[PDB]
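> Sharing a structure below in structure tokens format, with a few things to ask.
All Cβ positions, even for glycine, are placed from backbone atoms using ideal geometry, and neighbour counts span all protein chains on display. Computed from the coordinates by the stated procedures, all read-outs in this text should not be read as laboratory data.
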Amino acid sequence: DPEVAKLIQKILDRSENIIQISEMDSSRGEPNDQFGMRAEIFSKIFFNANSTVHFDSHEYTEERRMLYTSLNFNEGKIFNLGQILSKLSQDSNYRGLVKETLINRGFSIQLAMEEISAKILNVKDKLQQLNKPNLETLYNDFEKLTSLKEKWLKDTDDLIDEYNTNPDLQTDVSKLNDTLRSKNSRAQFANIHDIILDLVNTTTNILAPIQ
């Protein structure tokens, strides 16, 4: 129970921190060139198979922002990633993997963190009504989420380094394509997808009894 009081507090801090960050980031806006990414990526790809305008449209302002936040709104890293990925997106055989990587990986993890923080804060007074196994899981859920983001941050930086380090990444888009693929296998997407959905559902399930 003094342990319980701490768990609430740490969970509420973690949820508060994610929402605060998202509003600060949201007021950063972006250049017309969407951090260099618009000419060859955002204006050539779609959010999901169901969308009508490309991801550069005013309609995807929010989703674009969540993507930038997923890289900690480090505009430099966002810009450098984007120049490399534009080399791949210029080739229609490689554009799918670019989209998948940005949306189904980086966007999806960040969205998950913010839906879950909004879920929890929308019932902030009633968390002491919860079993401590539930309080642990939702707190552990944050940890797996952080660890999914962290590996996205790590694969991004390594890609930037491998690119800057190795001139044939720069002149051979197929080799560039293989190196992106090595950190993003088809099973690794399905896994990421599975874990995110498991974490959203769990949160609703744990929180259903206090709505």
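> Restricting to the stretch 164-186, name every residue that is of a type outside the set (A, V, I, L, M), in a helix (DSSP H, G or I) and in contact with a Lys or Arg (Cβ under 9 Å, 6 or more places away or on another chain).
Residues satisfying the conditions are 168, 170.
> Suppose we filter the stretch 85-101 for residues that are within 17 Å of the chain's Cα centre (by Cα) and of a type in the set (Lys, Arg); how many remain?
1
> Is one or more of the residues making up the stretch 50-70 β-branched (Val, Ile, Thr), assigned to a helix (DSSP H, G or I), without any contact (Cβ under 8 Å) to a residue 40 or more places away in the chain and at negative phi?
The answer is yes; a qualifying residue exists.
> Let me ask another. Of the residues 82, 76, which is crowded, with 21+ Cβ neighbours inside 10 Å, more than 14 Å from the chain's Cα centre (by Cα), in a helix (DSSP H, G or I) and not acidic (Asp, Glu)?
82
> Taking the stretch 108-135 as the search range and keeping residues that are hydrophobic (A, V, I, L, M, F, W, C) and closer than 23 Å to residue 70 by Cβ, which one is surrounded by the fewest Cβ atoms within 10 Å (Cβ to Cβ)?
Applying the filter and picking the extreme gives 118.
> Let me ask you something else. Test each condition in (1) of a type outside the set (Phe, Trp, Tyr); (2) closer than 22 Å to residue 101 by Cβ; (3) outside any helix (DSSP H, G or I) for residue 29 and report the one that comes out false.
The number of the failed condition is (2).
> Could you say which residue among 138, 199, 180 is among the aliphatic types (A, V, I, L, M), closer than 17 Å to residue 83 by Cα and surrounded by 17 or more Cβ atoms within 10 Å (Cβ to Cβ)?
Matching residue, one of 138, 199, 180: 180.
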